[PDB]
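Novice: Quick one: the structure is below, and I'll ask about it shortly.
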Amino acid sequence: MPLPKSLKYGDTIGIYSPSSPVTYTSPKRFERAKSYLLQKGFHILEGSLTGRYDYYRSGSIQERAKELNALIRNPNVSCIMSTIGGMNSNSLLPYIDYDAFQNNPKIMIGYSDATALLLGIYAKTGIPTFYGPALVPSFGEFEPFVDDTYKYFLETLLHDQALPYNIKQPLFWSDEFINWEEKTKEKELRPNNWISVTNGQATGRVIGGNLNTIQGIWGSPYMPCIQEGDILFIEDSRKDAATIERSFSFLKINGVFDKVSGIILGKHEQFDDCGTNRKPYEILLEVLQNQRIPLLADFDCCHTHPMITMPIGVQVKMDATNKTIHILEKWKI
Amino acid sequence: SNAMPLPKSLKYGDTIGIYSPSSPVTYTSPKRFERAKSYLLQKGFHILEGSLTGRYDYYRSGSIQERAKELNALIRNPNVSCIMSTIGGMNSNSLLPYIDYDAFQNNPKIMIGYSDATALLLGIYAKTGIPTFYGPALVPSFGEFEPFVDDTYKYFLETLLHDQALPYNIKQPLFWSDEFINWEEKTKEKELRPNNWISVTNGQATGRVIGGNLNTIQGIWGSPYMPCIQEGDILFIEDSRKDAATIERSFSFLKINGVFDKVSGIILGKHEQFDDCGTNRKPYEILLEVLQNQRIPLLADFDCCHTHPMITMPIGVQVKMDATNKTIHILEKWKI
Ligand SMILES: Nc1ncnc2c1ncn2[C@@H]1O[C@H](COP(=O)(O)O)[C@@H](O)[C@H]1O
Ligand SMILES: Nc1ncnc2c1ncn2[C@@H]1O[C@H](COP(=O)(O)O)[C@@H](O)[C@H]1O
């Protein structure tokens, strides 16, 4: 299993916009995010669609594929990071140069709609990819939370790590919908807990990402096949109960819960419970119908702040009862 | 092909069973519900109300198990000739593991509805091989005020009741509307908009029609409940009240699954209240960008979707589409 080199200070991070044109619509947060990473000691190479606008997207299918492929093919770029998600990353998949990526593995990181690319590249090349910060939402965040996200980013991509690698829970989180371009108040600190929904333990390859986005690639050559023993990692954001029930049942009818040994469920940013007062894991519990699968919920690798950086495609032990997550397998050189 | 099991044609005086696999419309829109019921009763049909009728569980009619129980009671009832959803929603795919496919296979009925009910229409077809129907749901379709309800009814009768010599020509409606108004109570006449279908890409295709609401298909794809698309199939798709970003994602989902390498033609419904995100693009223009250099005959703005009036389309039978001349003919029996 071929691995990317670790990030180093002085490296260049290439950025691209596979879907929403955030570098046009949110210039202040974009500039703040660039400045944050420049100050830490990284260089930013702006992809060819930076600053461009095509309404709901940055550009045509062909132009977005060209933007990403230029970064993949550039030997001076060690990390490729989405600016933000959207809906439209899956349009790029037939056009990506997977051979160039496989010949010179790099860190590929982002979240939400970029799940289509993270999973497509892993499915095509076998190289682990990373569910973690996207430049504008993640590194344009104001203090305090941006500094916690950054610590997790260094831990996974830069620091030497000995195995197993314990992924530690943050003390505080927020999903507050505020302080996007300009800071008004402090976000409330929410004390953190992971939730032992269904006790138990599971060990196996972690596969997943943004669940809504997975339904845009399922069945294709870009979705890695779920195998007996895998651990399912899933998150969604700003949906309602009706939407996530449909997504949970989509997994159920596909036999996913017959295969996986365990489930890790992210927090759900600004969940709309439709008046039911049910939490997302409770809707998942209904769909599971008392099948006993260890389930650990409110994991901080999702749309809430701060964000953990998780390797996808490597062995993990999750312990739902004790609320721990360990990476058992090397993800980088 | 060889003769196959088919549901019996609808007859005057038959009983239509109704069920709510997702949104609790019989609770939330009682005026339109009672009007739709009264419309079908006036034609001489009977209405058998499913067990969740008038019930409320927020976004849904009831629990996964309650909803399956409701539908199964209709499937198992020998006196019901047609099983019709009250409305869609998001949550019909939850029911799929629990449906008694054996009972449906033992006593086939006309299964009809649209939107989210696509999960069940395709699931039953996939499990049993019995054609199902993309067509009226009780509340939106038959609760519609005149004039449009009368056109929807004419197509429903022509397809499900009247005997039809094959090939069966599906006529273009003369008028349509997507106006979001007159739901519970009528405040104005809807505009009668002159209607056309659109020849997007010229050509002809003949094959088995498969499809439905495309957004709902992404909730069953890959499962035993989604019929496998075969070489030569005609893909029929519609969506409603989405934006350009959502439909580009759905069209690219079909592309990366190799669907456009298999199908011989595509029929695209009108898109009720489409949000173009400021692009001024039509849904078929976004689909054509996804198709890139691949030429496929394509007929768009077909009236089997969320706009009024609504055509009833059998699914799982051979069809001939002519995109150049804008015609659709059904080539194989769907009822006996
Ligand atoms: N106007 C805004 N105000 C607050 N948060 C925003 C705004 N626009 C985008 N976001 C955040 O950016 C994230 C990006 O989401 P995604 O589109 O899934 O990549 C959202 O989930 C929100 O947390
Ligand atoms: N309040 C309303 N006003 C007008 N039309 C509605 C209203 N609620 C539902 N509808 C119609 O009912 C349809 C239900 O679609 P679905 O949820 O997809 O089965 C919508 O797409 C609209 O055409």
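Within each chain, counting starts at residue 1; across the structure tokens, chains are named A, B, ... in the order shown, with ligands numbered 1 upward in that order.
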If you count only C-alpha atoms, which residues fall within 10 Å of stretch 90-102 of chain A, apart from same-chain ones fewer than 5 positions away, as a PyMOL selection string?

Specialist: (chain A and resi 2-4+18-19+60-74+107-108+113-117+120-127+213-214+216-217+221-222) or (chain B and resi 248-253+255-256+290)

Novice: Take the residues just selected and output them with N, CA and C atoms as a short mmCIF file (atom, residue, chain, number, x, y, z; two decimals), in the first residue's frame.

Specialist:
```cif
data_model
loop_
_atom_site.label_atom_id
_atom_site.label_comp_id
_atom_site.auth_asym_id
_atom_site.auth_seq_id
_atom_site.Cartn_x
_atom_site.Cartn_y
_atom_site.Cartn_z
N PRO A 2 0.92 1.96 -1.13
CA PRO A 2 1.86 3.07 -1.35
C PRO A 2 1.42 4.29 -0.58
N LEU A 3 2.36 5.06 -0.05
CA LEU A 3 2.05 6.12 0.88
C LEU A 3 2.62 7.48 0.44
N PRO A 4 1.92 8.57 0.78
CA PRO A 4 2.44 9.92 0.52
C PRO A 4 3.53 10.31 1.50
N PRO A 18 -13.32 22.32 -6.58
CA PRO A 18 -14.05 21.36 -7.44
C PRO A 18 -15.54 21.64 -7.51
N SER A 19 -16.06 22.44 -6.59
CA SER A 19 -17.49 22.74 -6.64
C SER A 19 -17.91 24.21 -6.42
N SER A 60 -16.68 25.04 -15.69
CA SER A 60 -17.16 23.86 -16.39
C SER A 60 -16.49 22.59 -15.86
N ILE A 61 -17.13 21.47 -16.16
CA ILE A 61 -16.54 20.17 -15.79
C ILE A 61 -15.08 20.05 -16.26
N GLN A 62 -14.83 20.36 -17.53
CA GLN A 62 -13.48 20.21 -18.07
C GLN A 62 -12.50 21.16 -17.35
N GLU A 63 -12.93 22.39 -17.07
CA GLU A 63 -11.99 23.37 -16.45
C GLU A 63 -11.68 22.95 -15.02
N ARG A 64 -12.66 22.38 -14.32
CA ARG A 64 -12.38 21.94 -12.93
C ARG A 64 -11.45 20.73 -12.91
N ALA A 65 -11.65 19.82 -13.88
CA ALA A 65 -10.73 18.68 -13.96
C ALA A 65 -9.31 19.18 -14.27
N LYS A 66 -9.19 20.14 -15.19
CA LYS A 66 -7.87 20.71 -15.56
C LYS A 66 -7.19 21.36 -14.36
N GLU A 67 -7.99 22.05 -13.54
CA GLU A 67 -7.44 22.74 -12.37
C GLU A 67 -6.82 21.71 -11.43
N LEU A 68 -7.57 20.64 -11.15
CA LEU A 68 -7.03 19.65 -10.22
C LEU A 68 -5.85 18.90 -10.83
N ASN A 69 -5.96 18.54 -12.11
CA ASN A 69 -4.87 17.75 -12.71
C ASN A 69 -3.56 18.53 -12.76
N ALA A 70 -3.64 19.85 -12.91
CA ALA A 70 -2.39 20.66 -12.90
C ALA A 70 -1.67 20.54 -11.56
N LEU A 71 -2.42 20.41 -10.48
CA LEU A 71 -1.80 20.27 -9.15
C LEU A 71 -1.25 18.85 -8.98
N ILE A 72 -2.03 17.87 -9.40
CA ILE A 72 -1.58 16.47 -9.32
C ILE A 72 -0.25 16.30 -10.06
N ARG A 73 -0.13 16.94 -11.23
CA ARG A 73 1.05 16.76 -12.08
C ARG A 73 2.25 17.61 -11.67
N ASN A 74 2.06 18.47 -10.69
CA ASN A 74 3.11 19.45 -10.31
C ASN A 74 3.99 18.85 -9.21
N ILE A 107 -0.30 14.09 -0.50
CA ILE A 107 -1.42 14.18 0.45
C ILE A 107 -2.63 14.82 -0.24
N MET A 108 -3.76 14.13 -0.23
CA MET A 108 -5.01 14.67 -0.77
C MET A 108 -5.95 14.84 0.41
N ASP A 113 -18.30 17.45 0.05
CA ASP A 113 -18.39 17.01 -1.36
C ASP A 113 -17.04 16.45 -1.93
N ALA A 114 -15.91 16.89 -1.36
CA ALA A 114 -14.63 16.37 -1.82
C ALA A 114 -14.44 14.90 -1.50
N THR A 115 -15.34 14.33 -0.67
CA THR A 115 -15.40 12.88 -0.50
C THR A 115 -15.43 12.13 -1.86
N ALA A 116 -16.09 12.68 -2.85
CA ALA A 116 -16.12 12.01 -4.13
C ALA A 116 -14.68 11.80 -4.66
N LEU A 117 -13.83 12.82 -4.50
CA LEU A 117 -12.43 12.75 -4.99
C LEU A 117 -11.53 11.97 -4.05
N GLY A 120 -12.55 8.42 -4.74
CA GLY A 120 -12.19 8.02 -6.09
C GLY A 120 -10.69 7.79 -6.25
N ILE A 121 -9.89 8.69 -5.71
CA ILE A 121 -8.45 8.50 -5.78
C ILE A 121 -8.03 7.24 -4.98
N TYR A 122 -8.59 7.03 -3.77
CA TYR A 122 -8.24 5.81 -3.04
C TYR A 122 -8.67 4.56 -3.82
N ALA A 123 -9.87 4.60 -4.43
CA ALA A 123 -10.36 3.41 -5.12
C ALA A 123 -9.50 3.09 -6.34
N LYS A 124 -9.04 4.13 -7.03
CA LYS A 124 -8.27 3.95 -8.26
C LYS A 124 -6.80 3.63 -7.99
N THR A 125 -6.20 4.24 -6.95
CA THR A 125 -4.77 4.06 -6.71
C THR A 125 -4.34 3.25 -5.47
N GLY A 126 -5.27 2.96 -4.58
CA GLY A 126 -4.91 2.32 -3.31
C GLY A 126 -4.14 3.21 -2.32
N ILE A 127 -3.93 4.49 -2.63
CA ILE A 127 -3.18 5.40 -1.75
C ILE A 127 -4.13 6.04 -0.75
N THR A 213 -22.72 12.65 -0.01
CA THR A 213 -21.85 12.63 -1.19
C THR A 213 -21.59 11.23 -1.73
N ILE A 214 -21.43 10.26 -0.83
CA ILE A 214 -21.26 8.85 -1.22
C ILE A 214 -22.41 8.37 -2.13
N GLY A 216 -23.73 9.99 -4.42
CA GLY A 216 -23.43 10.45 -5.76
C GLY A 216 -22.38 9.62 -6.49
N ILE A 217 -21.60 8.80 -5.77
CA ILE A 217 -20.63 7.89 -6.41
C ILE A 217 -20.87 6.38 -6.28
N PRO A 221 -16.89 2.86 -10.43
CA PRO A 221 -15.49 2.46 -10.20
C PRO A 221 -14.75 3.35 -9.20
N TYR A 222 -15.33 4.51 -8.87
CA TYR A 222 -14.72 5.47 -7.94
C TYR A 222 -15.14 5.25 -6.48
N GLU B 248 -26.86 18.46 -11.49
CA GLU B 248 -25.60 18.09 -12.08
C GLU B 248 -25.05 16.89 -11.32
N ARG B 249 -25.14 16.90 -9.99
CA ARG B 249 -24.62 15.75 -9.22
C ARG B 249 -25.33 14.45 -9.63
N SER B 250 -26.64 14.52 -9.81
CA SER B 250 -27.38 13.29 -10.18
C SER B 250 -27.04 12.84 -11.59
N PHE B 251 -26.84 13.79 -12.51
CA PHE B 251 -26.52 13.38 -13.89
C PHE B 251 -25.10 12.77 -13.91
N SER B 252 -24.16 13.36 -13.16
CA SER B 252 -22.81 12.81 -13.13
C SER B 252 -22.80 11.44 -12.42
N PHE B 253 -23.69 11.25 -11.43
CA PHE B 253 -23.84 9.94 -10.77
C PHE B 253 -24.20 8.86 -11.84
N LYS B 255 -23.56 9.09 -15.13
CA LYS B 255 -22.42 9.00 -16.02
C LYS B 255 -21.32 8.06 -15.47
N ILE B 256 -20.94 8.30 -14.22
CA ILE B 256 -19.82 7.52 -13.66
C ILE B 256 -20.21 6.08 -13.37
N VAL B 290 -22.84 17.08 -19.04
CA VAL B 290 -22.35 15.83 -18.51
C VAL B 290 -22.12 14.74 -19.58
#
```

Novice: Taking the backbone alone, and naming residues the way the document does, which bits of stretch 160-244 of chain B are strand (DSSP E or B) by DSSP, as a PyMOL selection string?

Specialist: chain B and resi 168-169+175-177+193-194+198-201+204-213+234-238+240+243

Novice: Kindly export the residues of the current selection with N, CA, C and O atoms, as a short mmCIF file (atom, residue, chain, number, x, y, z; two decimals), in the first residue's frame.

Specialist:
```
data_model
loop_
_atom_site.label_atom_id
_atom_site.label_comp_id
_atom_site.auth_asym_id
_atom_site.auth_seq_id
_atom_site.Cartn_x
_atom_site.Cartn_y
_atom_site.Cartn_z
N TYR B 168 -49.16 1.47 -28.47
CA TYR B 168 -50.05 2.44 -27.80
C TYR B 168 -49.37 3.78 -27.81
O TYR B 168 -48.31 3.94 -27.18
N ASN B 169 -49.97 4.75 -28.53
CA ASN B 169 -49.38 6.09 -28.62
C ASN B 169 -49.70 6.91 -27.37
O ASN B 169 -50.88 6.98 -26.95
N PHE B 175 -51.97 21.45 -22.68
CA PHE B 175 -51.65 22.51 -21.71
C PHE B 175 -50.95 21.95 -20.48
O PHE B 175 -51.15 20.78 -20.12
N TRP B 176 -50.15 22.79 -19.79
CA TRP B 176 -49.57 22.35 -18.52
C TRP B 176 -49.39 23.51 -17.57
O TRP B 176 -49.54 24.67 -17.98
N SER B 177 -49.04 23.19 -16.32
CA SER B 177 -48.63 24.20 -15.34
C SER B 177 -47.76 23.57 -14.26
O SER B 177 -47.89 22.39 -13.96
N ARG B 193 -50.73 26.78 -19.87
CA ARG B 193 -49.57 27.10 -20.70
C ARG B 193 -49.57 26.17 -21.90
O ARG B 193 -49.71 24.97 -21.72
N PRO B 194 -49.40 26.71 -23.11
CA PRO B 194 -49.36 25.80 -24.28
C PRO B 194 -48.15 24.87 -24.15
O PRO B 194 -47.07 25.31 -23.76
N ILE B 198 -39.70 18.47 -26.16
CA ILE B 198 -38.48 19.09 -26.73
C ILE B 198 -37.62 18.03 -27.36
O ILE B 198 -37.22 17.04 -26.68
N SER B 199 -37.28 18.23 -28.64
CA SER B 199 -36.37 17.28 -29.26
C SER B 199 -34.98 17.85 -28.99
O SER B 199 -34.46 18.72 -29.71
N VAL B 200 -34.33 17.29 -27.97
CA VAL B 200 -33.03 17.82 -27.54
C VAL B 200 -31.92 17.30 -28.43
O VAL B 200 -31.03 18.04 -28.84
N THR B 201 -31.95 15.99 -28.68
CA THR B 201 -31.00 15.33 -29.58
C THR B 201 -31.77 14.35 -30.45
O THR B 201 -32.54 13.53 -29.92
N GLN B 204 -33.90 7.83 -32.67
CA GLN B 204 -34.95 6.94 -32.17
C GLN B 204 -34.32 5.88 -31.33
O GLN B 204 -33.12 5.53 -31.52
N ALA B 205 -35.09 5.33 -30.41
CA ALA B 205 -34.61 4.23 -29.58
C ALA B 205 -35.79 3.35 -29.23
O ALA B 205 -36.90 3.84 -28.97
N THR B 206 -35.54 2.04 -29.20
CA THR B 206 -36.53 1.06 -28.77
C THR B 206 -35.89 0.17 -27.73
O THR B 206 -34.84 -0.43 -28.00
N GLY B 207 -36.49 0.10 -26.54
CA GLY B 207 -36.02 -0.79 -25.50
C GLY B 207 -36.88 -0.71 -24.26
O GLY B 207 -37.84 0.05 -24.21
N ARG B 208 -36.54 -1.52 -23.26
CA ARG B 208 -37.27 -1.56 -22.00
C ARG B 208 -37.10 -0.22 -21.27
O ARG B 208 -35.98 0.25 -21.08
N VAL B 209 -38.21 0.39 -20.87
CA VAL B 209 -38.12 1.64 -20.11
C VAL B 209 -37.89 1.39 -18.61
O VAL B 209 -38.55 0.55 -18.00
N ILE B 210 -36.89 2.07 -18.03
CA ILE B 210 -36.56 1.93 -16.61
C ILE B 210 -36.28 3.33 -16.08
O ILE B 210 -35.60 4.15 -16.75
N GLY B 211 -36.81 3.63 -14.89
CA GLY B 211 -36.50 4.92 -14.30
C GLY B 211 -37.62 5.39 -13.40
O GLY B 211 -38.37 4.59 -12.79
N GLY B 212 -37.72 6.70 -13.26
CA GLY B 212 -38.56 7.27 -12.25
C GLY B 212 -37.94 8.56 -11.77
O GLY B 212 -37.27 9.27 -12.52
N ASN B 213 -38.19 8.86 -10.50
CA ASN B 213 -37.61 10.05 -9.91
C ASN B 213 -36.11 9.83 -9.63
O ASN B 213 -35.73 8.96 -8.85
N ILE B 234 -34.20 2.14 -22.28
CA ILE B 234 -34.50 3.58 -22.39
C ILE B 234 -34.59 4.12 -20.98
O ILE B 234 -35.31 3.56 -20.16
N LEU B 235 -33.79 5.15 -20.65
CA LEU B 235 -33.80 5.70 -19.29
C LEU B 235 -34.86 6.80 -19.22
O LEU B 235 -34.82 7.72 -20.04
N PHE B 236 -35.80 6.70 -18.28
CA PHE B 236 -36.79 7.74 -18.06
C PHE B 236 -36.45 8.35 -16.71
O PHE B 236 -36.40 7.62 -15.69
N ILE B 237 -36.26 9.67 -16.69
CA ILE B 237 -35.94 10.33 -15.41
C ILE B 237 -36.70 11.64 -15.24
O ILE B 237 -36.94 12.35 -16.20
N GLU B 238 -37.08 11.97 -13.98
CA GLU B 238 -37.60 13.31 -13.67
C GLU B 238 -37.14 13.71 -12.28
O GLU B 238 -36.80 12.87 -11.47
N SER B 240 -37.90 17.28 -9.34
CA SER B 240 -38.75 18.43 -9.08
C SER B 240 -38.19 19.25 -7.91
O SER B 240 -37.61 18.70 -6.97
N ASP B 243 -32.20 22.34 -7.49
CA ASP B 243 -31.38 23.35 -8.16
C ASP B 243 -30.39 22.71 -9.15
O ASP B 243 -30.25 21.49 -9.28
#
```

Novice: Report as a list in words all protein, DNA and RNA residues lying within 12 Å of residue B:147, evaluated on only C-alpha atoms, omitting residues in the same chain fewer than 5 positions from it.

Specialist: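 Near residue B:147, the qualifying residues are residues 141, 142, 152, 153, 154, 174, 175, 176, 177, 189, 190, 191, 192, 308 and 309 of chain B.
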
Novice: Could you save the residues just selected, with C-alpha atoms, as a short mmCIF file (atom, residue, chain, number, x, y, z; two decimals), in the first residue's frame?

Specialist:
```cif
data_model
loop_
_atom_site.label_atom_id
_atom_site.label_comp_id
_atom_site.auth_asym_id
_atom_site.auth_seq_id
_atom_site.Cartn_x
_atom_site.Cartn_y
_atom_site.Cartn_z
CA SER B 141 -52.66 14.22 -8.70
CA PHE B 142 -56.37 13.67 -8.00
CA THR B 152 -54.63 13.35 -15.56
CA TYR B 153 -57.72 11.16 -15.12
CA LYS B 154 -58.15 10.61 -18.86
CA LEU B 174 -52.22 20.40 -24.87
CA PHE B 175 -51.65 22.51 -21.71
CA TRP B 176 -49.57 22.35 -18.52
CA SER B 177 -48.63 24.20 -15.34
CA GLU B 189 -57.12 29.83 -12.16
CA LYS B 190 -53.74 28.29 -13.01
CA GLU B 191 -52.35 29.57 -16.29
CA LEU B 192 -53.02 27.08 -19.10
CA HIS B 308 -49.86 19.05 -14.19
CA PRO B 309 -51.30 17.10 -15.91
#
```

Novice: Using only C-alpha atoms, select each residue of chain A with any atom at most 9 Å away from an atom of chain B, and give the selection as number ranges by chain.

Specialist: A: 19, 54-57, 60-61, 86-94, 215-222, 241-243, 245-255, 273-276, 286-287

Novice: Counting only C-alpha atoms and all ligand atoms, what are the residues, protein, DNA or RNA alike, that approach ligand 2 to within 10 Å? I want them as number ranges by chain.

Specialist: B: 22-23, 25, 28-29, 85-90, 113-118, 136-141, 143-144, 178-185, 213, 215-216, 239-241, 271-273, 305-308

Novice: Using only C-alpha atoms, which of the listed residues (B:171, B:242, B:11, B:282) sits closest to residue B:313?

Specialist: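 Of B:171, B:242, B:11, B:282, the one nearest residue B:313, counting only C-alpha atoms, is B:171.
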
Novice: Using only C-alpha atoms and all ligand atoms, what are the residues with an atom within 7 Å of ligand 1, set out as a ChimeraX atom specification?

Specialist: /A:84-86,111-113,137,177-180,237-238,303

Novice: Kindly export the residues of the current selection with N, CA, C and O atoms, as an mmCIF file, in the first residue's frame.

Specialist:
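For reference, part27.cif as written:
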```
data_model
loop_
_atom_site.group_PDB
_atom_site.id
_atom_site.type_symbol
_atom_site.label_atom_id
_atom_site.label_comp_id
_atom_site.auth_asym_id
_atom_site.auth_seq_id
_atom_site.Cartn_x
_atom_site.Cartn_y
_atom_site.Cartn_z
ATOM 1 N N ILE A 84 -13.353 24.275 -0.592
ATOM 2 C CA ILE A 84 -14.660 24.013 0.061
ATOM 3 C C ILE A 84 -15.329 22.959 -0.797
ATOM 4 O O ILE A 84 -14.861 22.677 -1.895
ATOM 5 N N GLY A 85 -16.462 22.442 -0.307
ATOM 6 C CA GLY A 85 -17.291 21.458 -0.975
ATOM 7 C C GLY A 85 -18.383 22.119 -1.793
ATOM 8 O O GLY A 85 -18.105 23.027 -2.608
ATOM 9 N N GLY A 86 -19.582 21.577 -1.703
ATOM 10 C CA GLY A 86 -20.595 21.887 -2.677
ATOM 11 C C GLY A 86 -21.344 20.626 -3.023
ATOM 12 O O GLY A 86 -21.715 19.866 -2.149
ATOM 13 N N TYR A 111 -13.018 17.739 2.731
ATOM 14 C CA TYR A 111 -14.145 17.019 3.318
ATOM 15 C C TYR A 111 -15.422 17.295 2.528
ATOM 16 O O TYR A 111 -15.349 17.804 1.427
ATOM 17 N N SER A 112 -16.557 16.859 3.071
ATOM 18 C CA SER A 112 -17.865 17.116 2.476
ATOM 19 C C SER A 112 -17.913 16.612 1.001
ATOM 20 O O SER A 112 -17.554 15.492 0.736
ATOM 21 N N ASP A 113 -18.302 17.452 0.053
ATOM 22 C CA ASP A 113 -18.393 17.008 -1.364
ATOM 23 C C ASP A 113 -17.044 16.450 -1.928
ATOM 24 O O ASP A 113 -17.006 15.623 -2.858
ATOM 25 N N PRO A 137 -13.376 26.933 4.916
ATOM 26 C CA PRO A 137 -14.134 26.698 6.140
ATOM 27 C C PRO A 137 -13.238 26.367 7.313
ATOM 28 O O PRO A 137 -13.434 26.877 8.397
ATOM 29 N N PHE A 177 -23.689 28.863 13.586
ATOM 30 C CA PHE A 177 -23.710 29.439 12.248
ATOM 31 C C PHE A 177 -23.496 30.942 12.297
ATOM 32 O O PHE A 177 -24.436 31.714 12.203
ATOM 33 N N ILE A 178 -22.244 31.350 12.425
ATOM 34 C CA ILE A 178 -21.901 32.740 12.727
ATOM 35 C C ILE A 178 -20.422 32.933 12.363
ATOM 36 O O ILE A 178 -19.717 31.928 12.166
ATOM 37 N N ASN A 179 -19.993 34.188 12.251
ATOM 38 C CA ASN A 179 -18.571 34.531 12.109
ATOM 39 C C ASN A 179 -17.985 33.944 10.828
ATOM 40 O O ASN A 179 -16.916 33.350 10.835
ATOM 41 N N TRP A 180 -18.698 34.080 9.722
ATOM 42 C CA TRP A 180 -18.191 33.501 8.474
ATOM 43 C C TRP A 180 -17.140 34.432 7.853
ATOM 44 O O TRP A 180 -15.944 34.109 7.870
ATOM 45 N N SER A 237 -24.187 16.997 7.201
ATOM 46 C CA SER A 237 -24.341 18.329 7.743
ATOM 47 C C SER A 237 -25.515 19.057 7.131
ATOM 48 O O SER A 237 -25.793 18.939 5.920
ATOM 49 N N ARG A 238 -26.170 19.841 7.989
ATOM 50 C CA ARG A 238 -27.265 20.730 7.606
ATOM 51 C C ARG A 238 -28.388 20.014 6.837
ATOM 52 O O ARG A 238 -28.949 20.575 5.905
ATOM 53 N N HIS A 303 -18.445 18.533 9.892
ATOM 54 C CA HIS A 303 -18.627 19.958 9.657
ATOM 55 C C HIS A 303 -18.546 20.849 10.916
ATOM 56 O O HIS A 303 -18.483 22.078 10.795
#
```

Novice: Give me, please, the distance in Å between atom CA of residue B:80 and atom CA of residue B:167, quoted to one decimal.

Specialist: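 A separation of 28.5 Å between them.
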
Novice: Would you mind listing what lies within 12 Å of stretch 155-164 of chain A as a PyMOL selection string, with only C-alpha atoms counted and same-chain residues fewer than 3 positions away left out?

Specialist: chain A and resi 3-11+42+78-79+106-109+128-133+148-152+167-168+307-312+314-318+324-333
